[PDB]
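First the structure, in the form of structure tokens, and then the observations on it.
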Amino acid sequence: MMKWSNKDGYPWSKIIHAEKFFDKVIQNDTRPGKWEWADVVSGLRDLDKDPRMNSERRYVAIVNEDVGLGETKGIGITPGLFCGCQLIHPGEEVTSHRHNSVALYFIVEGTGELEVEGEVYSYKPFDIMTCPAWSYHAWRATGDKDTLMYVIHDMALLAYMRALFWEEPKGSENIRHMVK
Amino acid sequence: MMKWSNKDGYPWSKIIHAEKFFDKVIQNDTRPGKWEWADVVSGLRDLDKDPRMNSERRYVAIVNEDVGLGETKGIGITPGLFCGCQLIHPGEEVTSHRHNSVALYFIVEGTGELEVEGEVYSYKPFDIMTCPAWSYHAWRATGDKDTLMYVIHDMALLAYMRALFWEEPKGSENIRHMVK
Amino acid sequence: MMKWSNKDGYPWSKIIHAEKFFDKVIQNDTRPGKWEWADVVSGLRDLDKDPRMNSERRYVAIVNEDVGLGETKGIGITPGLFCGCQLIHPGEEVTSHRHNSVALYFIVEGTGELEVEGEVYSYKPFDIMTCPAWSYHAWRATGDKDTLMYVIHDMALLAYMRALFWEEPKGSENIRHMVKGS
Amino acid sequence: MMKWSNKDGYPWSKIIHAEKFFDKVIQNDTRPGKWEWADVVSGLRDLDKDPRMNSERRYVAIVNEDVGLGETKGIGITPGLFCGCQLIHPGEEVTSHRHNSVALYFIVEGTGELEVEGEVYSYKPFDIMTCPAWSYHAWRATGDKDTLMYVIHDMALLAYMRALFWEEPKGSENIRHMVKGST
Ligand SMILES: [Fe+3]
Ligand SMILES: [Fe+3]
Ligand SMILES: [Fe+3]
Ligand SMILES: [Fe+3]
């Protein structure tokens, strides 16, 4: 965890006036978000211009900036929901990993196989599949079209509570409590 | 909600790199918090030095500034928990209200009556009581010693989702969606 | 809220053994879920065989039964996510309503108009759109192909907390605190 | 994690009618809870009738049974908050552990030391202290009176999401994903 000192007391543990609490707690409203697939597809195909790019790092996140706290730019698609899209070229692999964040996958394009906890399934467009919290899961695109997926995850909720664990690549030595 | 416009597009609706998302979603760890009762009671007595202050506003938030997100000083006592303390003098009342946020009460000191949806209970030190989401509740402090309450609630969670409602004072025409 | 008595005290307010909390707090793990679009679409068609069906009631919930608490059937697609699909025939409307639950809409097929808080967008397939909590929103399907939507929402989370509100149809008198008996 | 088979398809993956869904998500309302400290203390003191009782297991949970899904006996104090109380005799210890659930401690009675990630703090009645998610923490009661603490936590939130981790005793080999099965 951390090397810290309480020998100067606890300056961070404070007591504030209800007006400051209330002023910080109430949020602006968020305008509706709209995103177009062409732009998502443009974004992701742009990722291939980077030499340092591979299949495991080829996600964009779909965000509504109004959703942020205070005046800050948010990263949720709504306040409590998070969403990303991913491109996998045929023949690419996303190797086994796990995280206690769950993921919800919707196949927009492409075919392939998904492996979770030793079992393979062969996917096709508009399949829906989940990778349960802390389940080992891996991808391989097949066929002649890129796999593009629309993904809902709660990684961010757990990050904010500081309860996110990730293990990539596979192997106990790779487990991390996900904090800066 | 809002008068708004899409006539110029949805500039707030965006698509971002996985590295930006990751960087904004991982949080700093949080040093343990410690608060002293004396400081809480002192904070509360201070408020009385406001002439324009009454029983319904006599609350302080207990915060651990580390639990903030990104650069924000936090207002939770932990990331996902929120705590307040409140002081009612004998013969004061917090009149009927409701909010969709729940509240959990620990009576540290004092006695009196809690009314929730038409039923009255007489509390004493170290009683524990809940005011269910959206239930009409009211307080009347009795005896000679001030009522001091230690309060756990989820008001901030609903506030962040923009899903929080507040009816004060009693009367459906007083309901507000709590944003702005 | 409710008429209730405490005259008999608080029998439901208990104190339980650590063993009992733990036996009840720890869940079974959950097998991964897999749904095929064809099962969804078939499901949505069946609903038209009902004469007492219209645009507004025409949704199915995609569920993972393993996700239940204790030994019960779950209602989530994951423990904390909720997923629905809806079908609107062209020329149908979903009338203006609001709820403090949020909705994330993916257009799989169809075209039409989304109205949110007085602003209209014309959607096409694979567009993504949100209806923020408690915003007035309305649907009208256009063109020739049915609109089919993949929808994620937090309604169940708010319901479990008993902090969910729903106003349908539009009008403050239609507001309900969504608990068994409204 | 899981020895499972998809060789017989995925029968748990269902599609249900809105009517069945709505019928299942909407819950009964919850009566207010009230609990009295005398009864809590009596509970905790009772537990010491068990001879194989120690400081690590001297907790009871404070529950509002109306809070459960369906007509089920729930275990939250509210739907989304969970509350326990614990008794530590002076000279007893809760040894180092960590869990990704947070804990919020209110000292009702007693005195002692709280250690979190190498730092000690000496506690007294009506002190408020947190043990952040995944921080090593340990207790030792001092003085001539039992430590009684009023504790709020989100262990159950995490348990339900199947995202709860627990390491007791200290040491990585003892980390568990907390699901029925894995310790
Ligand atoms: Fe993954
Ligand atoms: Fe209140
Ligand atoms: Fe709606
Ligand atoms: Fe602990």
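By order in the structure tokens, chains are A, B, ...; within a chain, residues start at 1; ligands start at 1, following the order shown.
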
- Message: Counting only C-alpha atoms and all ligand atoms, what are the residues, protein, DNA or RNA alike, that approach ligand 4 to within 12 Å? I want them as number ranges by chain.
- Response: D: 55-57, 59, 84, 86, 93-105, 114-116, 130-139, 151-155, 165-170

Would you output that residue set with C-alpha atoms, as a compact mmCIF listing (two decimals), in the first residue's frame?
# COMPACT_ATOMS: atom_id res chain seq x y z
CA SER D 55 -11.53 -10.95 19.10
CA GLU D 56 -11.55 -11.57 15.32
CA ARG D 57 -15.06 -13.08 15.44
CA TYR D 59 -18.92 -9.01 15.70
CA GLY D 84 -21.67 -4.08 12.39
CA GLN D 86 -17.52 -5.33 17.59
CA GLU D 93 -5.62 -8.09 19.14
CA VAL D 94 -7.10 -8.12 15.67
CA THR D 95 -3.99 -8.99 13.68
CA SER D 96 -2.96 -7.38 10.38
CA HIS D 97 -5.31 -7.94 7.45
CA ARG D 98 -6.59 -6.21 4.33
CA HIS D 99 -9.74 -6.28 2.19
CA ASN D 100 -10.83 -4.03 -0.67
CA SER D 101 -13.97 -3.15 1.32
CA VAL D 102 -13.51 0.05 3.36
CA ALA D 103 -14.31 0.38 7.08
CA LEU D 104 -15.53 3.40 9.08
CA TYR D 105 -14.95 3.09 12.78
CA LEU D 114 -5.08 1.29 15.66
CA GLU D 115 -2.35 0.47 13.18
CA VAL D 116 -2.74 1.24 9.48
CA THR D 130 -11.13 4.92 8.59
CA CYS D 131 -9.14 1.92 7.26
CA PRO D 132 -8.96 2.64 3.49
CA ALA D 133 -9.62 -0.07 0.90
CA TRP D 134 -6.76 -2.59 0.91
CA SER D 135 -4.79 -0.89 3.72
CA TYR D 136 -3.23 -3.22 6.32
CA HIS D 137 -4.87 -2.54 9.67
CA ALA D 138 -4.73 -4.09 13.13
CA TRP D 139 -6.21 -3.47 16.58
CA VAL D 151 -18.69 0.14 12.11
CA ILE D 152 -19.96 1.07 8.67
CA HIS D 153 -18.63 -0.85 5.63
CA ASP D 154 -19.37 -1.73 1.98
CA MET D 155 -18.14 -5.33 2.15
CA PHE D 165 -10.92 -9.41 -2.05
CA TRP D 166 -9.73 -10.39 1.42
CA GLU D 167 -6.26 -11.19 2.74
CA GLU D 168 -6.24 -12.68 6.24
CA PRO D 169 -3.74 -13.39 7.65
CA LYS D 170 -1.23 -11.00 6.05

- Message: With only C-alpha atoms as the counted atoms, please give the residues lying no more than 9 Å from stretch 99-101 of chain B, apart from itself and same-chain residues fewer than 3 positions off, as a ChimeraX atom specification.
- Response: /B:132-136,153-158,163-168,175 /C:162-164

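Distance criterion 8 Å to chain C, applied with only C-alpha atoms, yields residues 30, 31, 32, 33, 34, 35, 36, 37, 77, 78, 102, 104, 116, 126, 127, 128, 129, 130, 131 and 132 of chain A on chain A.
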
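Using only C-alpha atoms and all ligand atoms, residues with at least one atom at most 7 Å away from any atom of ligand 2 are residues 97, 98, 99, 103 and 137 of chain B.
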
Within 8 Å of chain B, which residues of chain D show up when using only C-alpha atoms, listed as a JSON list (two decimals) with N, CA, C and O atoms, in the first residue's frame?
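Result file out.json:
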[["chain", "number", "residue", "atom", "x", "y", "z"],
["D", 30, "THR", "N", -39.41, -0.08, 2.81],
["D", 30, "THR", "CA", -38.78, -0.54, 4.04],
["D", 30, "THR", "C", -39.29, 0.33, 5.18],
["D", 30, "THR", "O", -39.26, 1.56, 5.10],
["D", 31, "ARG", "N", -39.79, -0.32, 6.24],
["D", 31, "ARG", "CA", -40.10, 0.41, 7.47],
["D", 31, "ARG", "C", -38.80, 0.99, 8.03],
["D", 31, "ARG", "O", -37.71, 0.47, 7.78],
["D", 32, "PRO", "N", -38.85, 2.11, 8.78],
["D", 32, "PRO", "CA", -37.66, 2.59, 9.49],
["D", 32, "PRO", "C", -37.15, 1.51, 10.44],
["D", 32, "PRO", "O", -37.94, 0.76, 11.01],
["D", 33, "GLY", "N", -35.82, 1.42, 10.57],
["D", 33, "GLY", "CA", -35.21, 0.64, 11.65],
["D", 33, "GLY", "C", -34.91, 1.48, 12.89],
["D", 33, "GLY", "O", -34.58, 2.67, 12.80],
["D", 34, "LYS", "N", -35.01, 0.83, 14.05],
["D", 34, "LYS", "CA", -34.51, 1.37, 15.31],
["D", 34, "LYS", "C", -33.81, 0.25, 16.08],
["D", 34, "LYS", "O", -34.36, -0.84, 16.20],
["D", 35, "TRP", "N", -32.61, 0.54, 16.59],
["D", 35, "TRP", "CA", -31.90, -0.41, 17.43],
["D", 35, "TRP", "C", -31.41, 0.32, 18.67],
["D", 35, "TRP", "O", -31.06, 1.49, 18.61],
["D", 36, "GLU", "N", -31.39, -0.41, 19.79],
["D", 36, "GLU", "CA", -30.95, 0.13, 21.07],
["D", 36, "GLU", "C", -29.65, -0.53, 21.51],
["D", 36, "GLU", "O", -29.54, -1.76, 21.53],
["D", 37, "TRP", "N", -28.70, 0.32, 21.91],
["D", 37, "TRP", "CA", -27.35, -0.05, 22.30],
["D", 37, "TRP", "C", -27.33, -1.18, 23.33],
["D", 37, "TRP", "O", -26.58, -2.14, 23.20],
["D", 77, "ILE", "N", -28.37, -2.35, 6.73],
["D", 77, "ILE", "CA", -29.07, -1.55, 7.72],
["D", 77, "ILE", "C", -30.00, -0.60, 6.97],
["D", 77, "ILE", "O", -31.10, -0.28, 7.42],
["D", 78, "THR", "N", -29.54, -0.13, 5.81],
["D", 78, "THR", "CA", -30.38, 0.41, 4.76],
["D", 78, "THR", "C", -30.12, -0.49, 3.55],
["D", 78, "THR", "O", -29.28, -1.38, 3.63],
["D", 102, "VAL", "N", -13.94, -0.97, 2.41],
["D", 102, "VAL", "CA", -13.51, 0.05, 3.36],
["D", 102, "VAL", "C", -14.23, -0.17, 4.68],
["D", 102, "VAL", "O", -15.21, -0.92, 4.73],
["D", 104, "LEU", "N", -15.36, 2.12, 8.40],
["D", 104, "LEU", "CA", -15.53, 3.40, 9.08],
["D", 104, "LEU", "C", -15.85, 3.09, 10.53],
["D", 104, "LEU", "O", -16.84, 2.42, 10.85],
["D", 116, "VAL", "N", -2.43, 1.25, 10.90],
["D", 116, "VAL", "CA", -2.74, 1.24, 9.48],
["D", 116, "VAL", "C", -1.48, 1.61, 8.71],
["D", 116, "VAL", "O", -1.01, 2.77, 8.74],
["D", 126, "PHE", "N", -15.56, 7.92, 21.03],
["D", 126, "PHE", "CA", -16.13, 8.89, 20.09],
["D", 126, "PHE", "C", -15.07, 9.40, 19.11],
["D", 126, "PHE", "O", -15.26, 10.41, 18.43],
["D", 127, "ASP", "N", -13.94, 8.68, 19.04],
["D", 127, "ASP", "CA", -13.01, 8.88, 17.95],
["D", 127, "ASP", "C", -13.65, 8.26, 16.71],
["D", 127, "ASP", "O", -14.40, 7.27, 16.82],
["D", 128, "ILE", "N", -13.35, 8.85, 15.54],
["D", 128, "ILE", "CA", -13.77, 8.34, 14.25],
["D", 128, "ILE", "C", -12.52, 8.10, 13.41],
["D", 128, "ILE", "O", -11.71, 9.02, 13.24],
["D", 129, "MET", "N", -12.42, 6.89, 12.83],
["D", 129, "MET", "CA", -11.24, 6.48, 12.09],
["D", 129, "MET", "C", -11.61, 5.60, 10.89],
["D", 129, "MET", "O", -12.47, 4.73, 11.03],
["D", 130, "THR", "N", -10.97, 5.83, 9.73],
["D", 130, "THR", "CA", -11.13, 4.92, 8.59],
["D", 130, "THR", "C", -9.87, 4.06, 8.35],
["D", 130, "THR", "O", -8.75, 4.49, 8.61],
["D", 131, "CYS", "N", -10.11, 2.84, 7.86],
["D", 131, "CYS", "CA", -9.14, 1.92, 7.26],
["D", 131, "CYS", "C", -9.41, 1.84, 5.76],
["D", 131, "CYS", "O", -10.26, 1.06, 5.33],
["D", 132, "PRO", "N", -8.74, 2.66, 4.93],
["D", 132, "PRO", "CA", -8.96, 2.64, 3.49],
["D", 132, "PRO", "C", -8.91, 1.25, 2.86],
["D", 132, "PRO", "O", -8.25, 0.33, 3.36]]

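Compared by their closest atoms to chain A, and using only C-alpha atoms, the residues B:8, B:93, B:56, B:66 rank with B:66 nearest.
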
- Message: What's around stretch 9-19 of chain A at 6 Å? Count only C-alpha atoms, leave out sequence neighbours fewer than 3 positions away in its own chain, and write the answer as a VMD selection string.
- Response: (chain A and resid 6 22 to 23) or (chain B and resid 33 59 to 65)

Next, write the just-selected residues to a file, as a CSV table (one decimal), in the first residue's frame, keeping N, CA, C and O atoms as the atom set.
chain,number,residue,atom,x,y,z
A,6,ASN,N,1.5,9.8,10.3
A,6,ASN,CA,0.5,10.6,11.1
A,6,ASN,C,1.2,11.4,12.2
A,6,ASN,O,0.6,11.9,13.1
A,22,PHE,N,-22.6,21.2,0.7
A,22,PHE,CA,-23.7,21.3,-0.3
A,22,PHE,C,-23.3,21.9,-1.6
A,22,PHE,O,-23.6,21.4,-2.7
A,23,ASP,N,-22.4,23.0,-1.5
A,23,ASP,CA,-21.8,23.6,-2.7
A,23,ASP,C,-21.0,22.7,-3.5
A,23,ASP,O,-21.0,22.8,-4.8
B,33,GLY,N,-8.2,8.1,7.8
B,33,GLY,CA,-8.7,9.3,8.3
B,33,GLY,C,-8.9,9.2,9.8
B,33,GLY,O,-9.1,8.0,10.3
B,59,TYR,N,-25.3,21.4,10.9
B,59,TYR,CA,-24.7,20.2,10.5
B,59,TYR,C,-23.3,20.6,9.9
B,59,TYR,O,-23.1,21.7,9.4
B,60,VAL,N,-22.3,19.6,10.2
B,60,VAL,CA,-21.0,19.7,9.6
B,60,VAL,C,-20.7,18.4,8.9
B,60,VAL,O,-21.2,17.3,9.3
B,61,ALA,N,-20.0,18.5,7.8
B,61,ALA,CA,-19.5,17.3,7.1
B,61,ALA,C,-18.2,16.8,7.6
B,61,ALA,O,-17.3,17.7,7.8
B,62,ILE,N,-18.0,15.5,7.8
B,62,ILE,CA,-16.8,14.9,8.2
B,62,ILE,C,-16.2,14.4,7.0
B,62,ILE,O,-16.8,13.5,6.3
B,63,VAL,N,-15.0,14.9,6.5
B,63,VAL,CA,-14.5,14.6,5.2
B,63,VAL,C,-13.0,14.1,5.3
B,63,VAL,O,-12.3,14.5,6.2
B,64,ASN,N,-12.7,13.2,4.4
B,64,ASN,CA,-11.3,12.8,4.2
B,64,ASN,C,-10.8,13.3,2.8
B,64,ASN,O,-11.1,12.7,1.8
B,65,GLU,N,-10.1,14.5,2.8
B,65,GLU,CA,-9.9,15.2,1.6
B,65,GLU,C,-9.1,14.4,0.5
B,65,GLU,O,-9.2,14.7,-0.6

- Apply DSSP to the backbone of this structure and, from stretch 116-176 of chain D, keep only the residues in helix (DSSP H, G or I); write these as a ChimeraX atom specification. /D:155-161,172-174

For a quick test of understanding: name the residues of chain D lying within 6 Å of chain C when counting only C-alpha atoms, and present them as a compact mmCIF listing (two decimals) with C-alpha atoms, in the first residue's frame.
# COMPACT_ATOMS: atom_id res chain seq x y z
CA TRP D 12 -28.66 -19.49 -17.62
CA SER D 13 -28.57 -16.82 -20.37
CA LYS D 14 -32.23 -15.88 -20.76
CA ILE D 15 -34.46 -13.29 -22.37
CA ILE D 16 -37.47 -12.24 -20.30
CA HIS D 17 -40.66 -10.25 -20.94
CA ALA D 18 -40.77 -6.66 -19.55
CA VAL D 25 -37.07 -5.19 -9.99
CA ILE D 26 -39.69 -3.23 -8.09
CA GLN D 27 -39.32 -3.76 -4.34
CA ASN D 28 -41.45 -3.29 -1.27
CA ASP D 29 -40.72 -0.21 0.78
CA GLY D 33 -35.21 0.64 11.65
CA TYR D 59 -18.92 -9.01 15.70
CA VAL D 60 -22.69 -8.88 15.16
CA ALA D 61 -24.49 -7.27 12.20
CA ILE D 62 -27.16 -4.58 12.58
CA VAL D 63 -29.85 -5.41 10.04
CA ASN D 64 -33.09 -3.96 8.77
CA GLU D 65 -34.78 -7.08 7.47
CA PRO D 79 -30.51 -1.15 1.22
CA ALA D 156 -21.59 -6.50 1.05
CA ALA D 159 -19.59 -9.26 -2.24
CA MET D 161 -20.66 -7.56 -7.43
CA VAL D 179 -17.22 -16.03 -3.71
CA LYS D 180 -18.91 -19.20 -2.40

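Between chain B and the candidates A:5, A:142, A:27, A:96, the tightest atom-to-atom separation, counting only C-alpha atoms, involves A:27.
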
- Message: Going by DSSP on the backbone, which residues of chain D come out as strand (DSSP E)? List them as a PyMOL selection string.
- Response: chain D and resi 13-17+34-36+59-64+82-88+93-99+103-109+111-116+119-123+128-131+137-142+147-153+165-167+175-177

- Note on the structure: Of B:109, B:39, B:146, B:48, the one sitting nearest chain A when using only C-alpha atoms is B:39

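Taking atom 1 (Fe, counted along the ligand's line) of ligand 1 and atom CA of residue B:76 as the two end points, the separation is 29.7 Å.
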
- Report the distance between atom CA of residue B:95 and atom CA of residue B:138 in Å, rounded to one decimal place. 5.0 Å

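Of note, atom CA of residue D:43 and atom CA of residue D:89 are spaced 14.9 Å apart.
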
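Using only C-alpha atoms, the smallest distance between any of B:28, B:174, B:111, B:55 and chain A comes from B:28.
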
Residue A:90 environment, 12 Å, only C-alpha atoms, sequence neighbours closer than 4 positions dropped, as a PDB file with N, CA, C and O atoms, in the first residue's frame:
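The file below, result23.pdb, is the result:
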ATOM      1  N   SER A  55      -3.186  -5.106 -30.440  1.00  0.00           N
ATOM      2  CA  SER A  55      -4.588  -5.462 -30.260  1.00  0.00           C
ATOM      3  C   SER A  55      -5.101  -5.166 -28.850  1.00  0.00           C
ATOM      4  O   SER A  55      -6.289  -4.889 -28.670  1.00  0.00           O
ATOM      5  N   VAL A  94      -5.873 -11.073 -27.949  1.00  0.00           N
ATOM      6  CA  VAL A  94      -5.789 -10.412 -26.653  1.00  0.00           C
ATOM      7  C   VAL A  94      -5.603 -11.528 -25.627  1.00  0.00           C
ATOM      8  O   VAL A  94      -6.514 -12.329 -25.413  1.00  0.00           O
ATOM      9  N   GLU A 109     -19.105  -5.633 -35.421  1.00  0.00           N
ATOM     10  CA  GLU A 109     -18.630  -6.293 -36.630  1.00  0.00           C
ATOM     11  C   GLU A 109     -17.641  -7.385 -36.240  1.00  0.00           C
ATOM     12  O   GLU A 109     -17.165  -7.409 -35.104  1.00  0.00           O
ATOM     13  N   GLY A 110     -17.352  -8.280 -37.193  1.00  0.00           N
ATOM     14  CA  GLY A 110     -16.284  -9.258 -37.064  1.00  0.00           C
ATOM     15  C   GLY A 110     -16.800 -10.584 -36.512  1.00  0.00           C
ATOM     16  O   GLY A 110     -17.975 -10.690 -36.132  1.00  0.00           O
ATOM     17  N   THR A 111     -15.907 -11.586 -36.516  1.00  0.00           N
ATOM     18  CA  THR A 111     -16.132 -12.897 -35.920  1.00  0.00           C
ATOM     19  C   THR A 111     -14.843 -13.293 -35.194  1.00  0.00           C
ATOM     20  O   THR A 111     -13.806 -12.655 -35.389  1.00  0.00           O
ATOM     21  N   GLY A 112     -14.916 -14.339 -34.353  1.00  0.00           N
ATOM     22  CA  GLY A 112     -13.748 -14.816 -33.653  1.00  0.00           C
ATOM     23  C   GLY A 112     -14.136 -15.818 -32.576  1.00  0.00           C
ATOM     24  O   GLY A 112     -15.213 -16.431 -32.635  1.00  0.00           O
ATOM     25  N   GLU A 113     -13.228 -15.973 -31.601  1.00  0.00           N
ATOM     26  CA  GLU A 113     -13.552 -16.754 -30.418  1.00  0.00           C
ATOM     27  C   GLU A 113     -13.243 -15.966 -29.147  1.00  0.00           C
ATOM     28  O   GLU A 113     -12.319 -15.146 -29.103  1.00  0.00           O
ATOM     29  N   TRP A 139      -9.294 -13.039 -26.301  1.00  0.00           N
ATOM     30  CA  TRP A 139      -9.892 -12.889 -27.618  1.00  0.00           C
ATOM     31  C   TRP A 139      -8.936 -13.332 -28.730  1.00  0.00           C
ATOM     32  O   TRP A 139      -7.719 -13.192 -28.593  1.00  0.00           O
ATOM     33  N   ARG A 140      -9.519 -13.829 -29.841  1.00  0.00           N
ATOM     34  CA  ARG A 140      -8.879 -13.996 -31.142  1.00  0.00           C
ATOM     35  C   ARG A 140      -9.889 -13.708 -32.249  1.00  0.00           C
ATOM     36  O   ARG A 140     -10.843 -14.460 -32.422  1.00  0.00           O
ATOM     37  N   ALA A 141      -9.635 -12.637 -33.014  1.00  0.00           N
ATOM     38  CA  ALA A 141     -10.352 -12.353 -34.245  1.00  0.00           C
ATOM     39  C   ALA A 141     -10.022 -13.390 -35.332  1.00  0.00           C
ATOM     40  O   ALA A 141      -8.866 -13.777 -35.519  1.00  0.00           O
ATOM     41  N   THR A 142     -11.068 -13.833 -36.052  1.00  0.00           N
ATOM     42  CA  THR A 142     -10.983 -14.712 -37.209  1.00  0.00           C
ATOM     43  C   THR A 142     -11.704 -14.059 -38.393  1.00  0.00           C
ATOM     44  O   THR A 142     -12.352 -13.015 -38.238  1.00  0.00           O
ATOM     45  N   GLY A 143     -11.612 -14.692 -39.578  1.00  0.00           N
ATOM     46  CA  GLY A 143     -12.340 -14.256 -40.759  1.00  0.00           C
ATOM     47  C   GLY A 143     -11.605 -13.135 -41.478  1.00  0.00           C
ATOM     48  O   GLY A 143     -10.408 -12.968 -41.295  1.00  0.00           O
ATOM     49  N   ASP A 144     -12.330 -12.347 -42.275  1.00  0.00           N
ATOM     50  CA  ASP A 144     -11.680 -11.386 -43.156  1.00  0.00           C
ATOM     51  C   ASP A 144     -12.063  -9.952 -42.798  1.00  0.00           C
ATOM     52  O   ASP A 144     -11.623  -9.013 -43.470  1.00  0.00           O
ATOM     53  N   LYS A 145     -12.918  -9.795 -41.777  1.00  0.00           N
ATOM     54  CA  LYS A 145     -13.280  -8.469 -41.291  1.00  0.00           C
ATOM     55  C   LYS A 145     -12.780  -8.277 -39.856  1.00  0.00           C
ATOM     56  O   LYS A 145     -12.837  -9.191 -39.031  1.00  0.00           O
ATOM     57  N   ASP A 146     -12.296  -7.059 -39.573  1.00  0.00           N
ATOM     58  CA  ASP A 146     -11.995  -6.637 -38.208  1.00  0.00           C
ATOM     59  C   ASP A 146     -13.178  -6.916 -37.282  1.00  0.00           C
ATOM     60  O   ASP A 146     -14.335  -6.742 -37.675  1.00  0.00           O
ATOM     61  N   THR A 147     -12.871  -7.363 -36.062  1.00  0.00           N
ATOM     62  CA  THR A 147     -13.831  -7.346 -34.972  1.00  0.00           C
ATOM     63  C   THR A 147     -13.904  -5.935 -34.373  1.00  0.00           C
ATOM     64  O   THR A 147     -12.881  -5.378 -33.961  1.00  0.00           O
ATOM     65  N   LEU A 148     -15.107  -5.336 -34.364  1.00  0.00           N
ATOM     66  CA  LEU A 148     -15.350  -4.121 -33.589  1.00  0.00           C
ATOM     67  C   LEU A 148     -16.444  -4.411 -32.572  1.00  0.00           C
ATOM     68  O   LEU A 148     -17.497  -4.928 -32.949  1.00  0.00           O
TER      69      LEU A 148
END
